[PDB]
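S.K.: Before I ask anything, here is the structure I am working with.
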Amino acid sequence: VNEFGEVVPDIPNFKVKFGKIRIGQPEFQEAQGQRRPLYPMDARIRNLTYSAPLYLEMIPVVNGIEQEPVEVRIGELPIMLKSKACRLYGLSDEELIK
Amino acid sequence: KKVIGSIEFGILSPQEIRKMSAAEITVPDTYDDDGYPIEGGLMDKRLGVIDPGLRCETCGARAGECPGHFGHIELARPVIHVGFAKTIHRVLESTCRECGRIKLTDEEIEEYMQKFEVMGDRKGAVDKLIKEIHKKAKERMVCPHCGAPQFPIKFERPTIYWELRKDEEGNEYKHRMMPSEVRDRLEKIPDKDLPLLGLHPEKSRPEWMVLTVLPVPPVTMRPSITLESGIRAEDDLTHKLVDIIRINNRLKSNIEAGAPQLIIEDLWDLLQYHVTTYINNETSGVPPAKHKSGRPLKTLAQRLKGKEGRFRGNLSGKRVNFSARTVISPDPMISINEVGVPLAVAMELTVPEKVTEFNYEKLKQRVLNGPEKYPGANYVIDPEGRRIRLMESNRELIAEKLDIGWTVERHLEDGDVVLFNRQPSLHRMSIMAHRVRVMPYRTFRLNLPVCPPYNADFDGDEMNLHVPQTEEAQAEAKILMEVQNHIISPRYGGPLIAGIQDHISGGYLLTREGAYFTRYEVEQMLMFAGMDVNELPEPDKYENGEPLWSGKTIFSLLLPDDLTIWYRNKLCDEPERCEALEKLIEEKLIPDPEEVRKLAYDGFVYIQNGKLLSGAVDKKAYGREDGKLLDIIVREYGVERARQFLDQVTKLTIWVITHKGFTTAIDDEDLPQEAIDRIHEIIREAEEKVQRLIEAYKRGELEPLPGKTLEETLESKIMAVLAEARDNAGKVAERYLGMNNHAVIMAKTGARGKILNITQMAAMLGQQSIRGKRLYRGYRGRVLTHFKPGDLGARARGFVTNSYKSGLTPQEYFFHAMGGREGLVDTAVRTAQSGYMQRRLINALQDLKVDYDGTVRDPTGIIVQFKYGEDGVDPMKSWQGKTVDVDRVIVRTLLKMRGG
Amino acid sequence: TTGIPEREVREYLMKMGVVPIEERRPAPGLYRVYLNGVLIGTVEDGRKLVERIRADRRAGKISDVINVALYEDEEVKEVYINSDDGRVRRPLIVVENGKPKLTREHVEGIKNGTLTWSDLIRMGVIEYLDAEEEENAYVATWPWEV
Amino acid sequence: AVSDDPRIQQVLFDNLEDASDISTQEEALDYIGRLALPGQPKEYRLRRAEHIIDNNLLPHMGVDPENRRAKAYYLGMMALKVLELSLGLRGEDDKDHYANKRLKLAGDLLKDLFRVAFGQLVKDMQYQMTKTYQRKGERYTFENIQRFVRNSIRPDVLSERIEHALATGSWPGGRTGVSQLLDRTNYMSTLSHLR
Ligand SMILES: [Mg+2]
Ligand SMILES: [Zn+2]
Ligand SMILES: [Zn+2]
């Protein structure tokens, strides 16, 4: 992201500078939107994509002056099992059975 | 009911495309969209039916029995065909413009009329004659009839043409040639010049090469693939033909209203380009017209060709019916020409039977029994042609008067000829008609001696049979292709279907000196090996312990009554005691079998009058390579005798190897202590001789070889020392361990063994090389990182010194994996080069027959070889290159006459 | 190998005697310290500098993914430093003047719950070789023959 | 730029002087534009050789024409290495030795798949700002970008490119077969497929 920075639109006045990224816990919203955490045995049994949402804030630059950053989610991202970012990391023996 | 005599080729005239075509297509549209696929254009405008709608060009013609029909496109601009373009260029630069002549003198007109009838036969000789005409017409600029009218220089590469014309004095502007300008020139050539080229005045006019009207391929060649349930995947031919008509439509409007004269010429080339991919997508200098997802279009040239096209993929090689494919598993209890068939596969393959007069009692029962119980039928056929499936709810009303002439399809039974196949189909003999026998399990069975023709083994392979049906194609399989006709091979004469692993090493245990069988064991094995003899095992030759026989006379019941053969085999370790036996034989032709012959050996086979007096049977009497006791029984006593010599030997030999034991435990590889110290003094001094020869190179005492350089002489000398060391230690072990364990019995006679890998299991493993070089790949001057660098010693550059019993240490084991991976690469590499090399030789040589007067002739009638193969004996039946074999004949005929 | 920021290694060599490209002649100066394929700097004595980095790695000052190989041609001399992210390595035990380092007194510590593999490579007894540092080594096979 | 060793230096004057009297300075830059296409391009002449050199000659040093001073030293060093092997000063380098054969794996591969999918989402974002500025004109000034940004994204463009390239194994760089389904029979064979 720090390669791109500000690029365009065509109007000379407004530009957008890119901020930082955070990665949320693996969750999934269906139709009639409702967000609950996924659990990989459930995500290999009804054809899902075990994934996490990708939040990215942007900087509205009005003639130089930065005044209010808004965080917009861009998309989703697949996530590796038993990695540091998924829900099974450091999780004890009697719970992996659960 | 005629047949095709000859096919004559040519070019379609544009006049004939209109008369052949039934409709012109003017609507650039396929479906538009997802409902009512009917237009006034490319779909069924009385053009071709693919739907269940009966509308065609007035002829009914539902989709079953409907030939598709051709449409045409009135192209507004003339269009160069792609395939002719290299040969249109040969015409344009070799003609005098504006009149039509040939740019030749009157001498060559009268000479090359006359040269046509002289060379009127061979294709290759007249093809060079048409190139020199192109050569002589290029280097002339003065015609005899137009006064040199400023000939321009033509041009090519790849498709766009030009001319180099002068206007003021000497200009070199590249005037682009128009396709309309070309076709106007071609019409001015008179028809008499077409024999002077390679053309024909009624079938190939040159002006017809320029596509003025493009024909449309039919509906039956362009199907409509459905994707999920109602979505139609457009065909690759359909997708480009729609896009041709929409670039036409605008072009028609462009020249009818627009007049800027510049975009036209730009548009002109788009038309050309867009149909050019449709003939051949994979030309050079042309971007591939892709499908709009990332796939190229398989156009006509990819439909014709491409390693799976429509000469080899679907026309001369097709997928078949009435077959099966499963795994194999041995049994040595059926005859040599039978086969097992599982009972599930036997009820899903059928023969037609055509009840005449004498099987009518049989096939009444086969149709009364249903298609469940194993004698049963599936499909009955009336003489009209309406088949009647039998399965449903009654057969009694079909088991009525069966009306002689019908055709019943029943299951396979014991007797119906099948074929068999291995699929890699290398040589002539890997398809052979067997004789079905039905046994309940799920594997094809196969007699053990018939497994060097198929080149198979039994670690889960796959063999496929396929029943032939019509009564002419079935009697060809039984007479010409049964197993017993193929007992010898056409590559070297020697027998091919013969004994294998147990049949050899069992036969050595029967004819050893000391093989005395008791009375119960003789009587039991003669019943088991097929044969039928009465109470004459006589006469109880050694009653010293008990009344028990010898091993020779149980083997001397299988031979015919007047054999006479004597030869030397592999077990001869003392040539002097064979000599003595031979000497008596050559001077006193018939001695007495009692007295002198009990001076015998175990390495000189001698049979007379069907009685083996002296010998020991090994792999010189059977075998995949030469055995001259099955060999001399197929040339003297028919063939049908030698299928029951090999059927009775096989079951006799496996009996004695079963109830006598042939185990091989771990102590068979073992050497006592004093023999092992004999080996270790060899390995010590052989390493010291290596260490000395490095010192000669290091101090400048080179002693060079003439061919190689000093680095290459060193490596040469070393390997010889190492070789000798391993061969000298192989001789120590072989001398010591006796011929009484069950690991050298398998190696002397020969059945899956050598005398290398029994002394590569209690001795060295030699050096360890890789395609001739010694092991050198690795770090900078050291193969593994356990060795001091700058070292060329034996132990440090690929040389193991421990057995497969005394353990490999991790540098030696890692040296052995390097030599082991070299063997596995060269299996999959060498197989693919031989397969393509066979396709050249079959397809160049498959035309040749042998006529009745003994002459091999090509398809053109040119005699290739008189009196076939340096006349004239079949290599299947010649003996070892030679002919009639007088030598054996003389001895055989004299013996029989004199002996009486 | 995992990865490390490059700039920390660049600053670290500059005070240890690296004479940069501004000064080099170079030949024949027994020179050319490389870094991930990039040529930066020159040092004078090969035997002083290639032992200096390895002795520092087995103390704990520099990070643990750094490994120095030397090239000893008759006329050419290169000093290689490798700090990329995709190499393949292998563990060995340092020997020193004939004695295998860290004998039994640590092995009961490994057998007990005191220390582990995270502690042995920090204490400087296990060494990760590349394919390239392993060129200079000379490795035994058993503890008997050392 | 090449070397200062005198034994190398006398060889370089032979290859220099043999062709130095054909083309002079700053005219061979134009001659590369003569070679790639003919017949007085002029506008294609200057401009393609400026486009080739800044984007094909050694891109790991930079893309700016400032960086051309550094690329002369790098390519000067490769022409060094050809010419001490002709004399004999090193040995041949084998391209199997694991000193120069690295392994890019699932951390480094998946960053390349992210670069293409994020670069295509930014270019699709900018099209939805220019085709909405005029259709509605002017709105709340500081709340423009608080409402222009969140409506001009349509999140599904990013995530499909991530999934479909890895559920088929055909990545936009050119690699094929980089996603093989996990072989699952008998625990020794799932573990061996992860190595
Ligand atoms: Mg097999
Ligand atoms: Zn029709
Ligand atoms: Zn003329």
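Chains: A, B, ... in order of the structure tokens. Residues: from 1 per chain. Ligands: from 1, in order shown.
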Once you count only C-alpha atoms and all ligand atoms, which residues end up within 12 Å of ligand 2, and could you hand them over as a PyMOL selection string?

M.R.: chain B and resi 21-22+44-50+53-70+218-220

S.K.: Could you write those residues out with N, CA and C atoms, as a JSON list (two decimals), in the first residue's frame?

M.R.:
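Generated output (result_18.json):
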[["chain", "number", "residue", "atom", "x", "y", "z"],
["B", 21, "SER", "N", -25.18, -24.15, -52.90],
["B", 21, "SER", "CA", -25.72, -23.54, -51.69],
["B", 21, "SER", "C", -27.23, -23.36, -51.83],
["B", 22, "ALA", "N", -27.92, -23.41, -50.69],
["B", 22, "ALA", "CA", -29.36, -23.28, -50.67],
["B", 22, "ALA", "C", -29.83, -21.92, -50.16],
["B", 44, "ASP", "N", -31.59, -22.25, -39.06],
["B", 44, "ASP", "CA", -32.36, -23.04, -40.02],
["B", 44, "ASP", "C", -33.23, -22.14, -40.88],
["B", 45, "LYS", "N", -32.59, -21.50, -41.85],
["B", 45, "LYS", "CA", -33.30, -20.88, -42.97],
["B", 45, "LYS", "C", -33.28, -21.84, -44.16],
["B", 46, "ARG", "N", -33.87, -23.01, -43.89],
["B", 46, "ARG", "CA", -33.81, -24.20, -44.74],
["B", 46, "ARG", "C", -32.36, -24.56, -45.06],
["B", 47, "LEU", "N", -31.59, -24.79, -43.98],
["B", 47, "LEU", "CA", -30.15, -24.92, -44.07],
["B", 47, "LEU", "C", -29.68, -26.19, -43.36],
["B", 48, "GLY", "N", -30.34, -26.56, -42.27],
["B", 48, "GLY", "CA", -29.94, -27.73, -41.52],
["B", 48, "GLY", "C", -30.58, -27.81, -40.15],
["B", 49, "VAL", "N", -30.99, -29.01, -39.75],
["B", 49, "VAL", "CA", -31.79, -29.21, -38.55],
["B", 49, "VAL", "C", -30.92, -29.83, -37.46],
["B", 50, "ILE", "N", -31.01, -29.28, -36.24],
["B", 50, "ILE", "CA", -30.32, -29.79, -35.07],
["B", 50, "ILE", "C", -31.33, -29.94, -33.93],
["B", 53, "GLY", "N", -37.48, -29.91, -34.72],
["B", 53, "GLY", "CA", -38.44, -29.30, -35.63],
["B", 53, "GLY", "C", -38.22, -29.73, -37.07],
["B", 54, "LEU", "N", -39.30, -30.11, -37.76],
["B", 54, "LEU", "CA", -39.20, -30.80, -39.04],
["B", 54, "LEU", "C", -38.97, -29.86, -40.22],
["B", 55, "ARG", "N", -38.81, -28.57, -39.98],
["B", 55, "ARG", "CA", -38.66, -27.60, -41.06],
["B", 55, "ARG", "C", -37.25, -27.71, -41.63],
["B", 56, "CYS", "N", -37.17, -28.10, -42.90],
["B", 56, "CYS", "CA", -35.91, -28.14, -43.63],
["B", 56, "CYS", "C", -36.20, -27.61, -45.03],
["B", 57, "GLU", "N", -35.28, -27.83, -45.97],
["B", 57, "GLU", "CA", -35.48, -27.38, -47.35],
["B", 57, "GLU", "C", -36.37, -28.37, -48.10],
["B", 58, "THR", "N", -37.64, -28.37, -47.69],
["B", 58, "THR", "CA", -38.81, -29.02, -48.30],
["B", 58, "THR", "C", -38.75, -30.55, -48.17],
["B", 59, "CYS", "N", -37.72, -31.10, -47.53],
["B", 59, "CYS", "CA", -37.46, -32.53, -47.58],
["B", 59, "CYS", "C", -37.73, -33.24, -46.26],
["B", 60, "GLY", "N", -38.62, -32.70, -45.42],
["B", 60, "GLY", "CA", -38.87, -33.33, -44.13],
["B", 60, "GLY", "C", -37.63, -33.23, -43.26],
["B", 61, "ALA", "N", -36.93, -34.36, -43.15],
["B", 61, "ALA", "CA", -35.56, -34.47, -42.65],
["B", 61, "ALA", "C", -35.41, -34.01, -41.19],
["B", 62, "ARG", "N", -35.99, -34.82, -40.30],
["B", 62, "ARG", "CA", -35.68, -34.76, -38.88],
["B", 62, "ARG", "C", -34.19, -35.04, -38.65],
["B", 63, "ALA", "N", -33.72, -34.72, -37.44],
["B", 63, "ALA", "CA", -32.28, -34.70, -37.14],
["B", 63, "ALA", "C", -31.61, -36.06, -37.31],
["B", 64, "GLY", "N", -32.33, -37.15, -37.10],
["B", 64, "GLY", "CA", -31.86, -38.44, -37.57],
["B", 64, "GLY", "C", -32.12, -38.57, -39.06],
["B", 65, "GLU", "N", -31.07, -38.90, -39.82],
["B", 65, "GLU", "CA", -31.02, -38.90, -41.29],
["B", 65, "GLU", "C", -31.39, -37.51, -41.83],
["B", 66, "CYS", "N", -30.52, -36.55, -41.53],
["B", 66, "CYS", "CA", -30.54, -35.24, -42.17],
["B", 66, "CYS", "C", -29.12, -34.82, -42.50],
["B", 67, "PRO", "N", -28.72, -34.89, -43.77],
["B", 67, "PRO", "CA", -27.45, -34.26, -44.16],
["B", 67, "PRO", "C", -27.57, -32.75, -44.08],
["B", 68, "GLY", "N", -26.56, -32.11, -43.48],
["B", 68, "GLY", "CA", -26.54, -30.67, -43.43],
["B", 68, "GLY", "C", -26.29, -30.09, -44.81],
["B", 69, "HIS", "N", -26.53, -28.79, -44.96],
["B", 69, "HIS", "CA", -26.43, -28.17, -46.26],
["B", 69, "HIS", "C", -25.60, -26.91, -46.16],
["B", 70, "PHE", "N", -25.16, -26.43, -47.31],
["B", 70, "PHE", "CA", -24.19, -25.35, -47.35],
["B", 70, "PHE", "C", -24.89, -24.03, -47.62],
["B", 218, "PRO", "N", -22.20, -26.49, -42.86],
["B", 218, "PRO", "CA", -23.56, -26.83, -42.41],
["B", 218, "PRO", "C", -23.80, -26.83, -40.92],
["B", 219, "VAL", "N", -25.06, -27.07, -40.56],
["B", 219, "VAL", "CA", -25.48, -27.15, -39.16],
["B", 219, "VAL", "C", -24.98, -28.44, -38.53],
["B", 220, "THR", "N", -24.97, -29.54, -39.30],
["B", 220, "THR", "CA", -24.60, -30.85, -38.76],
["B", 220, "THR", "C", -23.11, -30.93, -38.41]]

S.K.: Let's see if you can do this: from backbone DSSP, list all strand (DSSP E) residues in region 39-239 of chain B, as a PyMOL selection string.

M.R.: chain B and resi 71-80+162-165+173-176+210-216+225-226+232-233

S.K.: With N, CA, C and O atoms retained, export the selected residues as a compact mmCIF listing (two decimals), in the first residue's frame.

M.R.:
# COMPACT_ATOMS: atom_id res chain seq x y z
N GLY B 71 -24.42 -22.98 -46.95
CA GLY B 71 -24.83 -21.63 -47.24
C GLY B 71 -23.68 -20.89 -47.90
O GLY B 71 -22.56 -21.40 -47.99
N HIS B 72 -23.96 -19.68 -48.36
CA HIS B 72 -22.92 -18.89 -48.98
C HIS B 72 -23.03 -17.44 -48.54
O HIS B 72 -24.09 -16.97 -48.11
N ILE B 73 -21.91 -16.73 -48.64
CA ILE B 73 -21.79 -15.32 -48.31
C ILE B 73 -21.29 -14.58 -49.53
O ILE B 73 -20.18 -14.85 -50.01
N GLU B 74 -22.10 -13.66 -50.05
CA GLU B 74 -21.66 -12.82 -51.16
C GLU B 74 -20.74 -11.75 -50.60
O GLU B 74 -21.19 -10.69 -50.15
N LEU B 75 -19.45 -12.05 -50.58
CA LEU B 75 -18.45 -11.11 -50.09
C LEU B 75 -18.33 -9.93 -51.04
O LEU B 75 -18.19 -10.10 -52.25
N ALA B 76 -18.38 -8.72 -50.48
CA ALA B 76 -18.41 -7.50 -51.27
C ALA B 76 -17.06 -7.17 -51.86
O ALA B 76 -16.99 -6.38 -52.81
N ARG B 77 -15.99 -7.74 -51.34
CA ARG B 77 -14.62 -7.47 -51.74
C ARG B 77 -13.93 -8.80 -52.00
O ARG B 77 -14.23 -9.79 -51.32
N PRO B 78 -13.01 -8.86 -52.96
CA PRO B 78 -12.35 -10.13 -53.25
C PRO B 78 -11.34 -10.45 -52.16
O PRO B 78 -10.75 -9.56 -51.55
N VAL B 79 -11.15 -11.74 -51.92
CA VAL B 79 -10.42 -12.20 -50.73
C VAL B 79 -9.47 -13.31 -51.14
O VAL B 79 -9.87 -14.27 -51.81
N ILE B 80 -8.21 -13.19 -50.73
CA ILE B 80 -7.18 -14.17 -51.05
C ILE B 80 -7.32 -15.36 -50.11
O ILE B 80 -7.41 -15.19 -48.89
N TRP B 162 3.51 -6.30 -53.15
CA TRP B 162 3.92 -5.01 -53.67
C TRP B 162 4.53 -5.18 -55.06
O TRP B 162 4.62 -6.29 -55.60
N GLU B 163 4.94 -4.05 -55.63
CA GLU B 163 5.66 -3.99 -56.89
C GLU B 163 6.67 -2.86 -56.80
O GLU B 163 6.45 -1.86 -56.11
N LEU B 164 7.80 -3.02 -57.48
CA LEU B 164 8.85 -2.00 -57.56
C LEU B 164 8.84 -1.35 -58.94
O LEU B 164 9.60 -1.72 -59.83
N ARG B 165 7.97 -0.36 -59.12
CA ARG B 165 7.84 0.30 -60.41
C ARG B 165 8.52 1.66 -60.38
O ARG B 165 8.61 2.31 -59.34
N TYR B 173 9.22 3.25 -55.32
CA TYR B 173 8.08 3.29 -54.42
C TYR B 173 7.40 1.93 -54.40
O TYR B 173 7.34 1.22 -55.41
N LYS B 174 6.87 1.55 -53.24
CA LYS B 174 6.29 0.23 -53.03
C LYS B 174 4.78 0.35 -53.22
O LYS B 174 4.03 0.57 -52.26
N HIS B 175 4.34 0.22 -54.46
CA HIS B 175 2.92 0.24 -54.77
C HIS B 175 2.27 -1.05 -54.28
O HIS B 175 2.63 -2.14 -54.73
N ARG B 176 1.33 -0.91 -53.36
CA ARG B 176 0.62 -2.07 -52.82
C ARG B 176 -0.29 -2.67 -53.88
O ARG B 176 -0.99 -1.96 -54.59
N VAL B 210 -9.22 -16.77 -55.67
CA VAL B 210 -9.62 -15.58 -54.93
C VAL B 210 -11.08 -15.70 -54.51
O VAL B 210 -11.98 -15.77 -55.35
N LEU B 211 -11.33 -15.71 -53.19
CA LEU B 211 -12.66 -15.96 -52.64
C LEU B 211 -13.56 -14.76 -52.86
O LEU B 211 -13.49 -13.76 -52.14
N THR B 212 -14.41 -14.84 -53.88
CA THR B 212 -15.44 -13.83 -54.08
C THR B 212 -16.70 -14.18 -53.32
O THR B 212 -17.41 -13.28 -52.86
N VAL B 213 -17.00 -15.47 -53.19
CA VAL B 213 -18.15 -15.96 -52.44
C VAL B 213 -17.64 -17.00 -51.46
O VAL B 213 -17.06 -18.01 -51.87
N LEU B 214 -17.86 -16.77 -50.17
CA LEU B 214 -17.41 -17.69 -49.14
C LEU B 214 -18.53 -18.66 -48.79
O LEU B 214 -19.63 -18.22 -48.44
N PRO B 215 -18.31 -19.96 -48.89
CA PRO B 215 -19.36 -20.91 -48.50
C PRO B 215 -19.42 -21.05 -46.99
O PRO B 215 -18.44 -20.88 -46.27
N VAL B 216 -20.62 -21.37 -46.51
CA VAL B 216 -20.89 -21.53 -45.08
C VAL B 216 -20.97 -23.02 -44.78
O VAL B 216 -21.66 -23.74 -45.50
N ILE B 225 -23.72 -26.77 -28.09
CA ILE B 225 -23.43 -27.33 -26.77
C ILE B 225 -24.25 -26.58 -25.72
O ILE B 225 -24.23 -25.34 -25.67
N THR B 226 -24.96 -27.32 -24.87
CA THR B 226 -25.69 -26.73 -23.76
C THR B 226 -24.83 -26.73 -22.50
O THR B 226 -24.20 -27.75 -22.18
N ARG B 232 -26.67 -21.94 -24.00
CA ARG B 232 -26.10 -22.61 -25.16
C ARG B 232 -24.69 -22.08 -25.38
O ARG B 232 -24.50 -20.89 -25.65
N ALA B 233 -23.70 -22.96 -25.27
CA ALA B 233 -22.32 -22.61 -25.57
C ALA B 233 -22.16 -22.55 -27.08
O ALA B 233 -22.39 -23.55 -27.77

S.K.: Can you pull out the residues contacting region 49-53 of chain A? Cut-off 10 Å, using only C-alpha atoms, and skip same-chain residues under 2 positions away; I want them as a PyMOL selection string.

M.R.: (chain A and resi 22-28+37-44+46-47+55-56+73-81+85-86) or (chain D and resi 159+163)

S.K.: Would you mind exporting the chosen residues as a CSV table (one decimal), in the first residue's frame, restricted to N, CA, C and O atoms?

M.R.:
chain,number,residue,atom,x,y,z
A,22,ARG,N,-5.7,-3.0,9.4
A,22,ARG,CA,-5.9,-4.0,10.5
A,22,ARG,C,-6.6,-5.1,9.9
A,22,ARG,O,-7.4,-5.0,8.9
A,23,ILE,N,-6.5,-6.3,10.5
A,23,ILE,CA,-7.1,-7.5,10.1
A,23,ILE,C,-7.9,-8.1,11.2
A,23,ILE,O,-7.4,-8.3,12.3
A,24,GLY,N,-9.2,-8.3,11.0
A,24,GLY,CA,-10.1,-8.7,12.0
A,24,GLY,C,-10.2,-10.2,12.2
A,24,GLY,O,-9.5,-11.0,11.4
A,25,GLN,N,-10.9,-10.6,13.2
A,25,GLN,CA,-11.1,-12.0,13.5
A,25,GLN,C,-11.9,-12.7,12.4
A,25,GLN,O,-12.7,-12.0,11.8
A,26,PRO,N,-11.7,-14.0,12.1
A,26,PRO,CA,-12.4,-14.6,11.0
A,26,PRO,C,-13.9,-14.7,11.3
A,26,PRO,O,-14.4,-15.3,12.2
A,27,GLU,N,-14.7,-14.0,10.5
A,27,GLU,CA,-16.1,-13.9,10.6
A,27,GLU,C,-16.8,-13.9,9.3
A,27,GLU,O,-16.1,-13.8,8.2
A,28,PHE,N,-18.1,-14.1,9.3
A,28,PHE,CA,-18.8,-14.3,8.0
A,28,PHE,C,-20.2,-13.8,8.1
A,28,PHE,O,-21.0,-14.2,9.1
A,37,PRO,N,-18.5,-15.5,14.2
A,37,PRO,CA,-17.2,-16.1,14.0
A,37,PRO,C,-17.2,-17.5,13.3
A,37,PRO,O,-18.1,-18.3,13.7
A,38,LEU,N,-16.4,-17.7,12.3
A,38,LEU,CA,-16.2,-19.0,11.7
A,38,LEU,C,-15.3,-19.9,12.6
A,38,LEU,O,-14.5,-19.4,13.3
A,39,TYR,N,-15.5,-21.2,12.4
A,39,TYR,CA,-14.8,-22.3,13.1
A,39,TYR,C,-14.5,-23.4,12.1
A,39,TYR,O,-15.4,-24.1,11.6
A,40,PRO,N,-13.2,-23.5,11.6
A,40,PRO,CA,-12.8,-24.2,10.4
A,40,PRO,C,-13.5,-25.6,10.1
A,40,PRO,O,-13.5,-26.0,9.0
A,41,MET,N,-14.0,-26.3,11.1
A,41,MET,CA,-14.7,-27.5,10.8
A,41,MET,C,-16.1,-27.2,10.2
A,41,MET,O,-16.6,-27.9,9.4
A,42,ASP,N,-16.6,-26.0,10.5
A,42,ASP,CA,-17.8,-25.6,9.8
A,42,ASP,C,-17.6,-25.0,8.5
A,42,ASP,O,-18.5,-25.0,7.6
A,43,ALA,N,-16.4,-24.6,8.2
A,43,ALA,CA,-16.1,-23.9,6.9
A,43,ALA,C,-15.5,-24.9,5.9
A,43,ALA,O,-15.2,-24.5,4.8
A,44,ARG,N,-15.5,-26.2,6.2
A,44,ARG,CA,-15.1,-27.2,5.2
A,44,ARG,C,-16.3,-28.1,5.0
A,44,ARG,O,-16.2,-29.1,4.3
A,46,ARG,N,-19.8,-26.8,4.5
A,46,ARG,CA,-20.9,-26.2,3.7
A,46,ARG,C,-20.4,-25.2,2.7
A,46,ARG,O,-21.1,-24.2,2.4
A,47,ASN,N,-19.2,-25.4,2.2
A,47,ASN,CA,-18.6,-24.7,1.0
A,47,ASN,C,-18.5,-23.2,1.3
A,47,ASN,O,-19.2,-22.4,0.7
A,55,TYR,N,-9.8,-4.2,6.7
A,55,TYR,CA,-10.2,-2.8,6.9
A,55,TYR,C,-9.0,-1.9,6.6
A,55,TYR,O,-7.9,-2.2,7.0
A,56,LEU,N,-9.2,-0.8,5.9
A,56,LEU,CA,-8.2,0.2,5.5
A,56,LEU,C,-8.7,1.6,5.5
A,56,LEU,O,-9.6,2.0,4.8
A,73,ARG,N,-13.8,-0.9,4.8
A,73,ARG,CA,-13.3,-2.3,4.5
A,73,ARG,C,-13.2,-2.5,3.0
A,73,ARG,O,-14.1,-2.0,2.2
A,74,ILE,N,-12.2,-3.1,2.5
A,74,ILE,CA,-11.9,-3.3,1.1
A,74,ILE,C,-12.5,-4.6,0.6
A,74,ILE,O,-13.2,-4.7,-0.4
A,75,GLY,N,-12.2,-5.7,1.3
A,75,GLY,CA,-12.6,-7.0,0.9
A,75,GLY,C,-12.4,-8.1,1.9
A,75,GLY,O,-12.3,-7.8,3.1
A,76,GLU,N,-12.2,-9.3,1.5
A,76,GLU,CA,-11.9,-10.4,2.4
A,76,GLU,C,-10.5,-11.0,2.0
A,76,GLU,O,-9.9,-10.6,1.0
A,77,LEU,N,-10.0,-11.9,2.8
A,77,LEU,CA,-8.6,-12.5,2.7
A,77,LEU,C,-8.6,-13.9,3.3
A,77,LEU,O,-9.0,-14.0,4.4
A,78,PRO,N,-8.2,-14.9,2.5
A,78,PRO,CA,-8.0,-16.2,3.1
A,78,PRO,C,-6.9,-16.2,4.1
A,78,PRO,O,-6.0,-15.5,4.1
A,79,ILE,N,-7.0,-17.2,5.0
A,79,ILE,CA,-6.2,-17.2,6.2
A,79,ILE,C,-5.8,-18.6,6.5
A,79,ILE,O,-6.6,-19.6,6.4
A,80,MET,N,-4.5,-18.8,6.9
A,80,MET,CA,-3.9,-20.2,7.0
A,80,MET,C,-4.3,-20.8,8.4
A,80,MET,O,-4.2,-20.1,9.4
A,81,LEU,N,-4.6,-22.1,8.4
A,81,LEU,CA,-5.0,-22.8,9.6
A,81,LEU,C,-3.8,-22.9,10.5
A,81,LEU,O,-2.7,-23.2,10.1
A,85,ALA,N,-2.9,-15.7,13.0
A,85,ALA,CA,-4.0,-14.8,12.8
A,85,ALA,C,-5.4,-15.5,13.0
A,85,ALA,O,-6.4,-14.9,13.2
A,86,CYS,N,-5.4,-16.9,12.8
A,86,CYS,CA,-6.7,-17.6,12.9
A,86,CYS,C,-7.0,-17.9,14.4
A,86,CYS,O,-6.3,-17.5,15.3
D,159,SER,N,-12.0,-9.5,-3.7
D,159,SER,CA,-11.9,-10.9,-3.2
D,159,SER,C,-12.1,-12.0,-4.2
D,159,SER,O,-11.5,-13.1,-3.9
D,163,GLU,N,-9.7,-15.4,-4.7
D,163,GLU,CA,-10.2,-16.8,-4.6
D,163,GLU,C,-10.0,-17.5,-6.0
D,163,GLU,O,-9.5,-18.7,-6.0

S.K.: Taking only C-alpha atoms into account, which residues of chain D are within 10 Å of chain C, as a ChimeraX atom specification?

M.R.: /D:3-6,74,89-91,97-105,107-108

S.K.: Would you list the residues that come within 7 Å of ligand 3? Count only C-alpha atoms and all ligand atoms and give the answer as a list in words.

M.R.: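 Taking only C-alpha atoms and all ligand atoms into account, the residues around ligand 3 at most 7 Å away are residues 96, 99, 100, 101, 143, 144, 145 and 146 of chain B.
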